[PDB]
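See below for the structure under consideration.
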Amino acid sequence: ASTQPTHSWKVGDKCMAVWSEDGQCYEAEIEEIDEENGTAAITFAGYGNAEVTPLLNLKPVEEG
Ligand SMILES: CN(C)C(=N)NCCC[C@H](N)C(=O)O
């Protein structure tokens with residue numbers, strides 16, 4: 001138990017994640033979820049970078 005999910009995420013979903021390097025949000029796809037830690041491994045689309053970031057950092061892709 002680490003991050004208590006406030007959002008329900010599934011593998012292969014598009015989300016926006018906060019890049020650990022800039023702290024800004026970027027579009028990323030969930031590759032793997034760890035519900036215990038409340039984290040998901042996401043891959044930033046276009047760049048190809050991937051990081052394990054808590055579901056709390058994952059935001060829905062709101063196009064506006
Ligand atoms: C959200 N992510 C991963 C990024 N915004 N990445 C930018 C740095 C990596 C890029 N290939 C580059 O070297 O420019």
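A note on labels: chains of the structure tokens are A, B, ... as shown, every chain counts residues from 1, and ligands are counted from 1 in their shown order.
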Requested in this report: Set the cut-off to 7 Å, count only C-alpha atoms and all ligand atoms, and list whatever residues fall near ligand 1 as a list in words.
Outcome: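 These are the residues that qualify: residues 19, 26, 44, 47, 48, 49 and 50 of chain A.
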May I have the selected residues written with N, CA, C and O atoms, as a compact mmCIF listing (two decimals), in the first residue's frame?
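Generated file (out35.txt):
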```txt
# COMPACT_ATOMS: atom_id res chain seq x y z
N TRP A 19 6.03 14.36 -15.85
CA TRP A 19 7.39 13.97 -16.14
C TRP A 19 8.22 14.25 -14.93
O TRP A 19 8.27 15.38 -14.48
N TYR A 26 2.67 15.35 -19.52
CA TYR A 26 2.83 14.91 -20.90
C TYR A 26 1.97 13.69 -21.15
O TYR A 26 1.62 12.99 -20.20
N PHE A 44 5.67 7.76 -22.23
CA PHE A 44 5.35 9.03 -22.81
C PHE A 44 5.35 8.91 -24.32
O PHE A 44 6.39 8.61 -24.94
N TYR A 47 7.96 10.38 -27.30
CA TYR A 47 9.32 10.35 -26.83
C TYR A 47 9.79 8.91 -26.67
O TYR A 47 10.90 8.56 -27.05
N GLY A 48 8.94 8.08 -26.11
CA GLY A 48 9.30 6.70 -25.91
C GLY A 48 9.86 6.45 -24.53
O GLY A 48 10.28 5.34 -24.21
N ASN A 49 9.87 7.48 -23.70
CA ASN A 49 10.35 7.35 -22.32
C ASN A 49 9.32 6.69 -21.48
O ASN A 49 8.14 6.82 -21.74
N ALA A 50 9.75 6.03 -20.47
CA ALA A 50 8.87 5.32 -19.61
C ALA A 50 9.33 5.47 -18.20
O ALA A 50 10.54 5.53 -17.94
```
Query - Best match for closeness to residue 58 in chain A among A:1, A:42, A:16, A:11, counting only C-alpha atoms - result: A:16
**Report entry** Spatial neighbours of residue 31 in chain A, max dist 12 Å, only C-alpha atoms, sep filter under 4 positions, as a count of residues only
**Finding:** 20
Members of chain A assigned strand (DSSP E or B) by DSSP, as an mmCIF file with N, CA, C and O atoms, in the first residue's frame:
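This went into out_16.cif:
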```cif
data_model
loop_
_atom_site.group_PDB
_atom_site.id
_atom_site.type_symbol
_atom_site.label_atom_id
_atom_site.label_comp_id
_atom_site.auth_asym_id
_atom_site.auth_seq_id
_atom_site.Cartn_x
_atom_site.Cartn_y
_atom_site.Cartn_z
ATOM 1 N N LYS A 14 -4.587 5.914 -22.188
ATOM 2 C CA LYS A 14 -3.898 7.123 -22.397
ATOM 3 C C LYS A 14 -4.143 8.026 -21.254
ATOM 4 O O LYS A 14 -5.275 8.230 -20.839
ATOM 5 N N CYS A 15 -3.110 8.560 -20.762
ATOM 6 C CA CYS A 15 -3.179 9.423 -19.636
ATOM 7 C C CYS A 15 -2.160 10.504 -19.803
ATOM 8 O O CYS A 15 -1.424 10.525 -20.797
ATOM 9 N N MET A 16 -2.129 11.417 -18.900
ATOM 10 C CA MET A 16 -1.107 12.383 -18.894
ATOM 11 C C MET A 16 -0.389 12.229 -17.611
ATOM 12 O O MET A 16 -1.009 12.166 -16.552
ATOM 13 N N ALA A 17 0.884 12.155 -17.690
ATOM 14 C CA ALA A 17 1.687 11.903 -16.548
ATOM 15 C C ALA A 17 2.598 13.050 -16.333
ATOM 16 O O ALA A 17 2.918 13.784 -17.272
ATOM 17 N N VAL A 18 2.983 13.229 -15.126
ATOM 18 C CA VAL A 18 3.889 14.257 -14.770
ATOM 19 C C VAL A 18 5.296 13.739 -14.945
ATOM 20 O O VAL A 18 5.686 12.770 -14.297
ATOM 21 N N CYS A 25 3.162 18.012 -17.258
ATOM 22 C CA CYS A 25 2.353 16.881 -17.672
ATOM 23 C C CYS A 25 2.528 16.612 -19.167
ATOM 24 O O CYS A 25 2.565 17.544 -19.975
ATOM 25 N N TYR A 26 2.667 15.353 -19.517
ATOM 26 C CA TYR A 26 2.831 14.915 -20.898
ATOM 27 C C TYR A 26 1.973 13.694 -21.148
ATOM 28 O O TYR A 26 1.619 12.991 -20.203
ATOM 29 N N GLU A 27 1.644 13.443 -22.400
ATOM 30 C CA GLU A 27 0.773 12.327 -22.768
ATOM 31 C C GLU A 27 1.549 11.015 -22.667
ATOM 32 O O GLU A 27 2.654 10.887 -23.215
ATOM 33 N N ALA A 28 0.984 10.059 -21.984
ATOM 34 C CA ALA A 28 1.631 8.792 -21.763
ATOM 35 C C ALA A 28 0.624 7.659 -21.755
ATOM 36 O O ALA A 28 -0.545 7.859 -21.442
ATOM 37 N N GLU A 29 1.068 6.486 -22.106
ATOM 38 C CA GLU A 29 0.225 5.317 -22.103
ATOM 39 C C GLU A 29 0.678 4.342 -21.029
ATOM 40 O O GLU A 29 1.875 4.122 -20.854
ATOM 41 N N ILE A 30 -0.273 3.821 -20.293
ATOM 42 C CA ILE A 30 -0.025 2.853 -19.242
ATOM 43 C C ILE A 30 0.367 1.500 -19.814
ATOM 44 O O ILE A 30 -0.373 0.897 -20.597
ATOM 45 N N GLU A 31 1.507 1.041 -19.403
ATOM 46 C CA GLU A 31 2.060 -0.223 -19.817
ATOM 47 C C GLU A 31 1.800 -1.296 -18.778
ATOM 48 O O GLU A 31 1.534 -2.445 -19.112
ATOM 49 N N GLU A 32 1.872 -0.911 -17.532
ATOM 50 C CA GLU A 32 1.708 -1.817 -16.435
ATOM 51 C C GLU A 32 1.184 -1.048 -15.235
ATOM 52 O O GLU A 32 1.504 0.112 -15.075
ATOM 53 N N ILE A 33 0.357 -1.675 -14.443
ATOM 54 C CA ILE A 33 -0.197 -1.071 -13.245
ATOM 55 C C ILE A 33 0.173 -1.917 -12.044
ATOM 56 O O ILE A 33 0.179 -3.156 -12.123
ATOM 57 N N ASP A 34 0.503 -1.281 -10.964
ATOM 58 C CA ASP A 34 0.723 -1.947 -9.717
ATOM 59 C C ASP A 34 -0.239 -1.349 -8.727
ATOM 60 O O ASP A 34 -0.004 -0.264 -8.204
ATOM 61 N N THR A 39 0.678 2.559 -8.440
ATOM 62 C CA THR A 39 1.552 3.132 -9.410
ATOM 63 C C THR A 39 1.312 2.493 -10.744
ATOM 64 O O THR A 39 0.746 1.401 -10.823
ATOM 65 N N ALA A 40 1.680 3.172 -11.776
ATOM 66 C CA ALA A 40 1.596 2.629 -13.084
ATOM 67 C C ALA A 40 2.809 3.014 -13.892
ATOM 68 O O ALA A 40 3.340 4.130 -13.766
ATOM 69 N N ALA A 41 3.265 2.092 -14.669
ATOM 70 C CA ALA A 41 4.348 2.307 -15.557
ATOM 71 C C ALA A 41 3.785 2.824 -16.826
ATOM 72 O O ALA A 41 2.937 2.183 -17.449
ATOM 73 N N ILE A 42 4.214 3.965 -17.194
ATOM 74 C CA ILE A 42 3.685 4.632 -18.335
ATOM 75 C C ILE A 42 4.782 4.989 -19.309
ATOM 76 O O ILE A 42 5.939 5.129 -18.928
ATOM 77 N N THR A 43 4.426 5.092 -20.543
ATOM 78 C CA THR A 43 5.338 5.465 -21.590
ATOM 79 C C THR A 43 4.850 6.731 -22.268
ATOM 80 O O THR A 43 3.731 6.780 -22.778
ATOM 81 N N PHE A 44 5.669 7.756 -22.228
ATOM 82 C CA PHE A 44 5.353 9.029 -22.813
ATOM 83 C C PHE A 44 5.350 8.906 -24.323
ATOM 84 O O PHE A 44 6.390 8.613 -24.942
ATOM 85 N N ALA A 50 9.754 6.032 -20.472
ATOM 86 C CA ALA A 50 8.872 5.320 -19.611
ATOM 87 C C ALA A 50 9.333 5.467 -18.199
ATOM 88 O O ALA A 50 10.544 5.529 -17.945
ATOM 89 N N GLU A 51 8.393 5.562 -17.299
ATOM 90 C CA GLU A 51 8.682 5.691 -15.901
ATOM 91 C C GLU A 51 7.539 5.093 -15.103
ATOM 92 O O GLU A 51 6.421 4.927 -15.632
ATOM 93 N N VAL A 52 7.805 4.743 -13.871
ATOM 94 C CA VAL A 52 6.778 4.253 -12.991
ATOM 95 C C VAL A 52 6.328 5.420 -12.144
ATOM 96 O O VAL A 52 7.108 5.957 -11.350
ATOM 97 N N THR A 53 5.119 5.822 -12.327
ATOM 98 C CA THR A 53 4.597 6.981 -11.673
ATOM 99 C C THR A 53 3.275 6.615 -10.986
ATOM 100 O O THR A 53 2.525 5.770 -11.486
ATOM 101 N N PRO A 54 3.022 7.151 -9.791
ATOM 102 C CA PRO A 54 1.813 6.857 -9.047
ATOM 103 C C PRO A 54 0.574 7.320 -9.802
ATOM 104 O O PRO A 54 0.619 8.315 -10.527
ATOM 105 N N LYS A 59 -3.177 11.857 -14.924
ATOM 106 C CA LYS A 59 -4.335 12.661 -15.172
ATOM 107 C C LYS A 59 -4.990 12.165 -16.442
ATOM 108 O O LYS A 59 -4.301 11.610 -17.303
ATOM 109 N N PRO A 60 -6.304 12.314 -16.589
ATOM 110 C CA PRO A 60 -6.984 11.920 -17.815
ATOM 111 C C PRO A 60 -6.607 12.849 -18.970
ATOM 112 O O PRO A 60 -6.232 14.013 -18.748
#
```
Query raised in the report: Pick from A:20, A:46, A:38, A:63: nearest to residue 8 in chain A, with only C-alpha atoms counted?
Result: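 Residue with the minimum atom-to-atom distance to residue 8 in chain A: A:38.
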Query raised in the report: Excluding same-chain residues fewer than 6 positions from residue 36 in chain A, what lies within 9 Å of it counting only C-alpha atoms, as a VMD selection string?
Result: chain A and resid 1 to 4
Those same residues, written as a compact mmCIF listing (two decimals), in the first residue's frame with N, CA and C atoms?
```txt
# COMPACT_ATOMS: atom_id res chain seq x y z
N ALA A 1 0.84 -1.19 0.00
CA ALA A 1 0.00 0.00 0.00
C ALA A 1 0.87 1.24 0.00
N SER A 2 0.70 2.07 -1.00
CA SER A 2 1.46 3.29 -1.12
C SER A 2 0.54 4.43 -1.56
N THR A 3 0.17 4.43 -2.81
CA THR A 3 -0.71 5.43 -3.32
C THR A 3 -2.12 4.88 -3.38
N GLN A 4 -3.01 5.53 -2.67
CA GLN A 4 -4.40 5.14 -2.65
C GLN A 4 -5.04 5.72 -3.90
```
